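> Take a look at the following structure, please.
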Amino acid sequence: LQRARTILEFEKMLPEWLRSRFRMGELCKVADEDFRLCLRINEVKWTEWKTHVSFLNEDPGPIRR
Amino acid sequence: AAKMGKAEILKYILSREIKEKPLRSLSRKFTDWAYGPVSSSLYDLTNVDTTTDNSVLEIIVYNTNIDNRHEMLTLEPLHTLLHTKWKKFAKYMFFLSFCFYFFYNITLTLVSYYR
Amino acid sequence: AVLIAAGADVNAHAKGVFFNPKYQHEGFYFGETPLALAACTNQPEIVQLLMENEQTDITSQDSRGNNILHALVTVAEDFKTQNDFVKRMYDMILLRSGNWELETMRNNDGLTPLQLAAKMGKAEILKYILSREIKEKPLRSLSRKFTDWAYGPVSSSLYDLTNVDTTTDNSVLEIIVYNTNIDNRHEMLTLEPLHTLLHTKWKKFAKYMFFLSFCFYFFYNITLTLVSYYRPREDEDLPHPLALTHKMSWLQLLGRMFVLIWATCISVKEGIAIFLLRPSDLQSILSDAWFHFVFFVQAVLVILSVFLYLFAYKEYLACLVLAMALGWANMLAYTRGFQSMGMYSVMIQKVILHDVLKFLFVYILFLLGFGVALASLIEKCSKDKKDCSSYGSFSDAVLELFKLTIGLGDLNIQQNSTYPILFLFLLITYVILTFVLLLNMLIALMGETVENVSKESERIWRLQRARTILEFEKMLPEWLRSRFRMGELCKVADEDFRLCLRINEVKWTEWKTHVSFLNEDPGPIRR
Amino acid sequence: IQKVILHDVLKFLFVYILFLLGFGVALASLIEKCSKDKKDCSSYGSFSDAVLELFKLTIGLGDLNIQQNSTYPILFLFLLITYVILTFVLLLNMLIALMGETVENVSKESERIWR
Numbered sequence: 694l695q696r697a698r699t700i701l702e703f704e705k706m707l708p709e710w711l712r713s714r715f716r717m718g719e720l721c722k723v724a725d726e727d728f729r730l731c732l733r734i735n736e737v738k739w740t741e742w743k744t745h746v747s748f749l750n751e752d753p754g755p756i757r758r
Numbered sequence: 348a349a350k351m352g353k354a355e356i357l358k359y360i361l362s363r364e365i366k367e368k369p370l371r372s373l374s375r376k377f378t379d380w381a382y383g384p385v386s387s388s389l390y391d392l393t394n395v396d397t398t399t400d401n402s403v404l405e406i407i408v409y410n411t412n413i414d415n416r417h418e419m420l421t422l423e424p425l426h427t428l429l430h431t432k433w434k435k436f437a438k439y440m441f442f443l444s445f446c447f448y449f450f451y452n453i454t455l456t457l458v459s460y461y462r
Numbered sequence: 232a233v234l235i236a237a238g239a240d241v242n243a244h245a246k247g248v249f250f251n252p253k254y255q256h257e258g259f260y261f262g263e264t265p266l267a268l269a270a271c272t273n274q275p276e277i278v279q280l281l282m283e284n285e286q287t288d289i290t291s292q293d294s295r296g297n298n299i300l301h302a303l304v305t306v307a308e309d310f311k312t313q314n315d316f317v318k319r320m321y322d323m324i325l326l327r328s329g330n331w332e333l334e335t336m337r338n339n340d341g342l343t344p345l346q347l348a349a350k351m352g353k354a355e356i357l358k359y360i361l362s363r364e365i366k367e368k369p370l371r372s373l374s375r376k377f378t379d380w381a382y383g384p385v386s387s388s389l390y391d392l393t394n395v396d397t398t399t400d401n402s403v404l405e406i407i408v409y410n411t412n413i414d415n416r417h418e419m420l421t422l423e424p425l426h427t428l429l430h431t432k433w434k435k436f437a438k439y440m441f442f443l444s445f446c447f448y449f450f451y452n453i454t455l456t457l458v459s460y461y462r463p464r465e466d467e468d469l470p471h472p473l474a475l476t477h478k479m480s481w482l483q484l485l486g487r488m489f490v491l492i493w494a495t496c497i498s499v500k501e502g503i504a505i506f507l508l509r510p511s512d513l514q515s516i517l518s519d520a521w522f523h524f525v526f527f528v529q530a531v532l533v534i535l536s537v538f539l540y541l542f543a544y545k546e547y548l549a550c551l552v553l554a555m556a557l558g559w560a561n562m563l564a565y566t567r568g569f570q571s572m573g574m575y576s577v578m579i580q581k582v583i584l585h586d587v588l589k590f591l592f593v594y595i596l597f598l599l600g601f602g603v604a605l606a607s608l609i610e611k612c613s614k615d616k617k618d619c620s621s622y623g624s625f626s627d628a629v630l631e632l633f634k635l636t637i638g639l640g641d642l643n644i645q646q647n648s649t650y651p652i653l654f655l656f657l658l659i660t661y662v663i664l665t666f667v668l669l670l671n672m673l674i675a676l677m678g679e680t681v682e683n684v685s686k687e688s689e690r691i692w693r694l695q696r697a698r699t700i701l702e703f704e705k706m707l708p709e710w711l712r713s714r715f716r717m718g719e720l721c722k723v724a725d726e727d728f729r730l731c732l733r734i735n736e737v738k739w740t741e742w743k744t745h746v747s748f749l750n751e752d753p754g755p756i757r758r
Numbered sequence: 579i580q581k582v583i584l585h586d587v588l589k590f591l592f593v594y595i596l597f598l599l600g601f602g603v604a605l606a607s608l609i610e611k612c613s614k615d616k617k618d619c620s621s622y623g624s625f626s627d628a629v630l631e632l633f634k635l636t637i638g639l640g641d642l643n644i645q646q647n648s649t650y651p652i653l654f655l656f657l658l659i660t661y662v663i664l665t666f667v668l669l670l671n672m673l674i675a676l677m678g679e680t681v682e683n684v685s686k687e688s689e690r691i692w693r
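Residue numbers (the entry's author numbering), protein chains in the order written: chain A, 694 to 758; chain R, 348 to 462; chain P, 232 to 758; chain U, 579 to 693.
Laid out in structure tokens, this is it:
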């Protein structure tokens with residue numbers, strides 16, 4: 694919490710144009726018009742062995758190219 | 348949910364997996380790809396970090412009156428994003444102010460002891 | 232199955248940008264064949280179906296020289312984050328079709344999949360595979376366990392012992408002792424081929440062999456003491472770092488030619504040992520290569536005294552004493568041979584490393600912070616005893632405050648001058664900090680640590696005596712007269728009357744009739 | 579009083595006397611110096627002095643001398659502070675933490691032993 698208490702204050706005393714792009718930006722949603730909302734990528738492990746209905750892509754690890 | 352500090356429904360709502368396709372669009376989780384046991388998880392990130400005023404991160408850090416804040420930040424939009432943002436600049440930025448104050452500290456010592 | 236009925240190729244190799252390291256990326260390194268992920272998907276039914284095809288090759292190495300068994304190991308991560316299916320998956324694929332040719336297959340870097348379980352540190356499947364009881368008689372021959380006799384509740388247990396001890400290069404014992412990067416090694420050596428065999432080999436020679444080197448270094452240590460304390464002092468500034476006495480009663484010439492050789496012999500001994508591992512500069516140099524680094528610093532520091540006669544420098548006696556103080560300081564390393572004291576040897580080893588570095592990094596900070604500040608008021612034009620020729624500059628108030636930890640004598644609130652009720656204010660603040668607050672921290676800090684470690688601290692000591700025992704054998708190139716084992720005791724296989732074995736004892740469980748046995752149940756061998 | 583003498587302090591003194599001799603002989607080398615103690619022509623300054631000089635360091639000794647002992651006393655004081663680093667803040671506080679684990683382990687069955 695205390696290092697979290699610090700880190701925002703540095704950003705608060707950073708009025709630049711925010712070059713530190715901390716995120717995947719404007720990565721498209723499933724909604725056909727809503728291709729907005731910057732996102733995140735994370736990793737999960739072995740549980741709940743099943744078929745997966747919902748997906749977004751043709752399963753690469755990073756983005757293509 | 349941040350202001351009241353209700354953790355468990357906040358534990359829910361940041362995930363919010365929607366399985367059904369006609370209304371999957373409202374979720375806070377989208378399986379970007381899965382490939383079985385090791386998946387590409389994905390949080391929605393729309394009102395989380397201070398890109399707008401008074402984002403949910405800005406409350407939970409700068410809130411009093413709650414002794415669940417340390418436990419609440421365990422959550423995975425909350426936890427890893429701090430580690431993310433500390434990596435690229437804030438590990439550097441602290442050590443600058445650390446060195447600037449420590450070398451401030453030495454210049455204080457010399458002029459007030461030697462002559 | 233319809234695709235197989237359509238005629239899909241069961242032998243395909245999925246190359247590409249996956250099977251990458253850094254498991255944050257995809258890198259899911261299963262072995263690129265349809266058989267490999269099939270067990271890995273926890274799908275035993277189609278595993279059977281893949282075995283129904285005669286065209287299925289299983290032998291075939293794929294990308295990193297890996298067959299079915301290799302990457303099979305490198306998903307065995309935990310008992311908690313797994314239902315433990317891989318164990319019976321692996322068991323199923325052996326009984327369905329299993330040959331020793333497939334087992335003895337090595338890989339790209341030339342490494343046994345059994346040895347891979349050591350390298351990856353997958354403990355639980357390694358817990359399986361060393362036992363490997365096979366109950367059925369047409370293929371019992373491939374087991375790692377053979378009931379030599381049983382007689383009910385107290386049986387003659389027997390491990391296979393074929394790739395275990397260093398009778399060949401890079402045996403599975405040699406990995407697990409000399410491996411870094413894994414914090415499961417101490418727990419893994421609990422296993423019964425691993426555990427008892429060390430106790431076996433320590434019995435016949437290594438209990439003797441340590442005490443030889445212990446006595447040789449301890450009596451080295453005494454000869455260091457005598458020549459450097461009793462008669463270095465002759466009234467002349469000739470250095471003479473080793474006492475000679477070229478006349479009769481040759482005790483001191485015996486002193487010189489003793490000490491130089493053992494220092495040289497221990498230098499080459501540890502010099503090859505330091506050539507031999509590469510740490511990440513703080514994990515194994517600061518648990519394992521510590522006392523090795525101690526020795527290498529020690530012996531060179533001894534022989535450097537000999538170099539101080541060459542141009543006769545000023546350091547001839549000053550350097551001659553540091554090796555002495557350190558030379559008794561590493562007898563601490565050689566007390567591991569006892570039972571309870573070896574348990575204390577890890578208690579001295581982690582508290583230096585987790586607790587007191589944390590202490591001194593804060594302790595020296597206020598030692599300077601109060602140190603310079605009190606050195607400002609101590610000037611005063613009145614420093615110490617009519618301060619015109621005496622001391623009163625910086626190291627005084629350092630040592631005035633350094634002695635405050637212990638009995639200093641008396642504390643002076645005396646003539647130091649401008650506002651001494653600020654001077655005494657910092658003195659009592661130092662007492663508030665550094666005697667009642669900051670010191671009693673570490674005492675409460677140690678108590679939490681010592682109970683946390685001393686449930687597994689025994690095992691760490693076991694690793695360190697295991698760390699020793701192989702090195703003695705490594706510095707034993709004899710014909711290995713110490714026969715540590717039952718040798719070439721015959722297997723059930725009619726031609727394979729080979730594979731040196733072991734005898735062990737089990738107790739009351741699982742009350743049943745025993746089908747498989749070897750003999751007509753004597754206790755020892757007949758005659 | 580009966581098990582702590584037997585499981586804990588034998589372990590202590592077998593290590594304690596080791597550095598008591600190790601520092602003991604080493605500091606006895608520098609204390610010769612042709613300048614041992616108070617114009618060293620008739621007074622003492624041989625071996626048991628620096629033993630008792632260092633044996634009194636466990637408790638209040640009076641004052642500690644960084645004085646005229648001669649050749650490189652910043653090695654002499656270096657061993658003194660190393661003795662403090664070892665034998666007052668590291669090695670002593672071992673047994674205190676060691677006793678606390680033992681006393682709770684025995685005092686659930688310690689009554690029975692008295693019986």
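Ideal Cβ placement from N, Cα and C applies to all residues, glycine included.
Just the chain U side, please: which residues come within less than 8 Å of P:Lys-614 by C-beta, in chain order?
Residue mapping note: residue 614 of chain P aligns to position 383 of the third sequence, counting from 1. Here the premise fails: no neighbours, minimum Cβ distance about 17 Å.
> Compute every distance between the C-beta of U:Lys-614 and the non-hydrogen atoms of the ligand GDP, then say whether any falls below 7 Å.
Of the ligands one can find in the structure shown there are none, so the ligand GDP has no counterpart to examine.
> Looking at chain U, is there any beta carbon in it that lies within less than 8 Å of the beta carbon of P:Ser-536?
Counted from its first residue, the third sequence places residue 536 of chain P at position 305. Output row for P:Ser-536: interface = no.
> Is the beta carbon of A:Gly-718 less than 8 Å from the beta carbon of P:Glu-257?
Your numbering for residue 718 of chain A matches position 25 in the first sequence. Your numbering for residue 257 of chain P matches position 26 in the third sequence. It is not a contact, given that the beta carbons lie outside the stated cut-off.
> Based on Cα-Cα distance, which residue from P:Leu-732, P:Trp-739 and P:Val-746 lies nearest to P:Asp-391?
Translated into the one-based positions of the third sequence, residue 391 of chain P becomes position 160. Closest option to P:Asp-391, Cα to Cα, is P:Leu-732.
> Within 10 Å of its beta-carbon, does U:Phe-654 have 16 or more other beta-carbons around it, so buried, or fewer, so exposed?
If you number the fourth sequence from 1, residue 654 of chain U lands on position 76. Counting Cβ neighbours within 10 Å, U:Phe-654 comes out buried, since at least 16 surround it.
> Can you check which of these residues, P:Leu-608, P:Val-662, P:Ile-406 and P:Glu-355, is closest to P:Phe-316 by C-alpha distance?
Counting from 1 along the third sequence, the entry for residue 316 of chain P is found at position 85. Of P:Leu-608, P:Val-662, P:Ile-406 and P:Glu-355, the residue nearest in Cα terms is P:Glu-355.
> Measure the C-alpha to C-alpha separation of R:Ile-360 and R:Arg-375 and round it to an integer number of angstroms.
Mapped onto the second sequence, residue 360 of chain R falls at position 13. Mapped onto the second sequence, residue 375 of chain R falls at position 28. Across the structure, R:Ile-360 and R:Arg-375 are spaced so that their CA atoms are roughly 8 Å apart.
> Excluding sequence positions up to five away, which residues of its chain have a Cβ less than 7 Å from the Cβ of P:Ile-516?
For the purposes of this step, residue 516 of chain P is taken as residue 285 along the third sequence, with counting starting at 1. Excluding residues within five positions, the ones whose Cβ falls inside 7 Å are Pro-510 and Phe-524.
> Along chain P, in chain order, which residues have C-beta atoms closer than 7 Å to that of A:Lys-738?
Within the first sequence, the letter at position 45 stands for residue 738 of chain A. Around A:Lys-738, the beta-carbon contacts reaching into chain P at under 7 Å are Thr-312.
> Would you list, in sequence order, the uninterrupted alpha helix (DSSP H) runs of no fewer than 4 residues that lie entirely inside the region 456-540 of chain P?
483-504 and 521-538
> Among R:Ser-444, R:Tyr-439, R:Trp-433 and R:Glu-423, which residue has its Cα nearest to the Cα of A:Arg-696?
Walking along the first sequence from the start, residue 696 of chain A turns up at place 3. Of the listed residues, the one whose Cα sits closest to A:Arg-696 is R:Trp-433.
> Which runs of the alpha helix (DSSP H) spanning at least 4 residues fall entirely within the region 552-596 of chain P, listed in chain order?
Taken in chain order, the unbroken stretches of alpha helix (DSSP H) that lie wholly in the region 552-596 of chain P and span 4 residues or more are 553-560 and 570-585.
> Assuming P:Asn-338 and P:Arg-295 make a contact with CB atoms under 8 Å, what is their CB distance in whole Å?
Taking the third sequence and counting its residues from 1, the one referred to as residue 338 of chain P is at position 107. Taking the third sequence and counting its residues from 1, the one referred to as residue 295 of chain P is at position 64. Correct: roughly 6 Å between the Cβ atoms.
> Excluding sequence positions up to five away, which residues of its chain have a Cβ less than 8 Å from the Cβ of P:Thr-680?
As a working note, residue 680 of chain P is residue 449 in the third sequence. Contacts found: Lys-581, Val-582, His-585 and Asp-586.
> Step through the CB atoms of chain R and report whether any lies within less than 8 Å of the CB of P:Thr-649.
As a position in the third sequence, residue 649 of chain P is number 418, starting the count at 1. It does not: the Cβ of P:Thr-649 has no partner Cβ on chain R nearer than 8 Å.
> With C-beta atoms as the reference, is P:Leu-370 less than 8 Å away from P:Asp-379?
Position 139 of the third sequence, counted from the start, is the residue given in the question as residue 370 of chain P. Position 148 of the third sequence, counted from the start, is the residue given in the question as residue 379 of chain P. The answer is no: Cβ separation not under 8 Å.
> Hey, how far is the Cα of P:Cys-619 from the Cα of P:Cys-612?
Within the third sequence, residue 619 of chain P is the residue found at index 388, counting from 1. Within the third sequence, residue 612 of chain P is the residue found at index 381, counting from 1. Each residue's alpha carbon lies about 9 Å from the other.
> Mind pulling the alpha helix (DSSP H) runs of 4 or more residues that sit fully within the region 342-386 of chain P?
344-351 and 354-360
> Which residues in chain B have a C-beta closer than 8 Å to the C-beta of P:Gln-346? List them in chain order.
No chain B is present in this structure, whose protein chains are A, R, P and U.
> Quick one, which of P:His-244, P:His-301, P:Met-440 and P:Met-672 has its alpha-carbon nearest P:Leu-591's?
For this step, residue 591 of chain P is matched to residue 360 along the third sequence. Of the listed residues, the one whose Cα sits closest to P:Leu-591 is P:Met-672.
> Consider the Cβ of P:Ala-302: report whether some Cβ of chain R lies at a distance smaller than 8 Å.
The residue given as residue 302 of chain P occupies position 71 in the third sequence. The beta-carbon of P:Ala-302 is placed no less than 8 Å from the nearest beta-carbon of chain R.
> Roughly how many angstroms lie between the CA atoms of P:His-477 and P:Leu-404, to the nearest whole one?
Within the third sequence, numbered from 1, the residue matching residue 477 of chain P stands at position 246. Within the third sequence, numbered from 1, the residue matching residue 404 of chain P stands at position 173. Taking the straight line from one Cα to the other gives about 52 Å.
> Quick one: list the residues of chain P neighbouring R:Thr-456, beta-carbon separation under 8 Å, in chain order.
In the second sequence, residue 456 of chain R corresponds to position 109, counting from 1. Going along chain P in sequence order, the residues near R:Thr-456 (Cβ under 8 Å) are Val-603.
> Name the chain P residues whose beta carbon is nearer than 7 Å to that of U:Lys-589?
Position 11 of the fourth sequence, counted from the first residue, corresponds to residue 589 of chain U. Those are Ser-571, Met-572 and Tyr-575, listed as they occur along chain P.
> Rank P:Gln-279, P:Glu-689 and P:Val-593 by C-alpha distance to the C-alpha of P:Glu-418 and give the top, closest one.
Position 187 of the third sequence, counted from the first residue, corresponds to residue 418 of chain P. When each option's Cα is compared against that of P:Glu-418, the closest is P:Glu-689.
> Based on Cα-Cα distance, which residue from P:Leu-457, P:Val-499 and P:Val-233 lies nearest to P:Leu-482?
Indexing the third sequence from 1 puts residue 482 of chain P at position 251. With distances taken between Cα atoms, P:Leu-482 lies closest to P:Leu-457.
> Going by other Cβ atoms of all chains shown within 10 Å of its Cβ, with 16 needed for buried, is P:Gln-570 buried or exposed?
What you label residue 570 of chain P is simply residue 339 of the third sequence in a count that begins at 1. Exposed, because fewer than 16 other Cβ atoms sit within 10 Å of the Cβ of P:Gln-570.
> Would P:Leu-551 pass as a contact of P:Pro-472 if the rule is Cβ separation under 8 Å?
As a working note, residue 551 of chain P is residue 320 in the third sequence. As a working note, residue 472 of chain P is residue 241 in the third sequence. In contact: P:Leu-551 and P:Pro-472 (Cβ atoms closer than 8 Å).
> For the candidate residues P:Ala-556, P:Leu-635, P:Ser-648 and P:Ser-685, whose alpha-carbon lies nearest to that of P:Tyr-661?
Start at 1 with the first residue of the third sequence, and residue 661 of chain P comes out as number 430. Considering only alpha carbons, the answer is P:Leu-635.
> Grab me the residues of P:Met-282's own chain with a C-beta within less than 6 Å of its C-beta, minus the 5 sequence neighbours each way, in chain order.
If you number the third sequence from 1, residue 282 of chain P lands on position 51. Its chain contains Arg-327 as the residues whose beta carbon lies nearer than 6 Å to that of P:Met-282, once the 5 sequence neighbours on both sides are disregarded; these appear in chain order.
> For R:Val-403, decide whether its Cβ has a neighbour in chain A, counting only Cβ atoms nearer than 8 Å.
Taking the second sequence and counting its residues from 1, the one referred to as residue 403 of chain R is at position 56. Chain A contact via Cβ: absent.
> May I ask you to list the residues that DSSP assigns as paired with P:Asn-735?
Counting from 1 along the third sequence, the entry for residue 735 of chain P is found at position 504. BP columns for P:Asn-735 point to P:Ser-388.
> Skipping 5 residues on each side, what residues in its chain have a beta carbon closer than 7 Å to that of U:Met-677?
Within the fourth sequence, numbered from 1, the residue matching residue 677 of chain U stands at position 99. Correct list, in chain order: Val-582 and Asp-586.
> From this set, P:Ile-289, P:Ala-349, P:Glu-334 and P:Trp-331, which residue's C-alpha is nearest P:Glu-308's C-alpha?
Indexing the third sequence from 1 puts residue 308 of chain P at position 77. Considering only alpha carbons, the answer is P:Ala-349.
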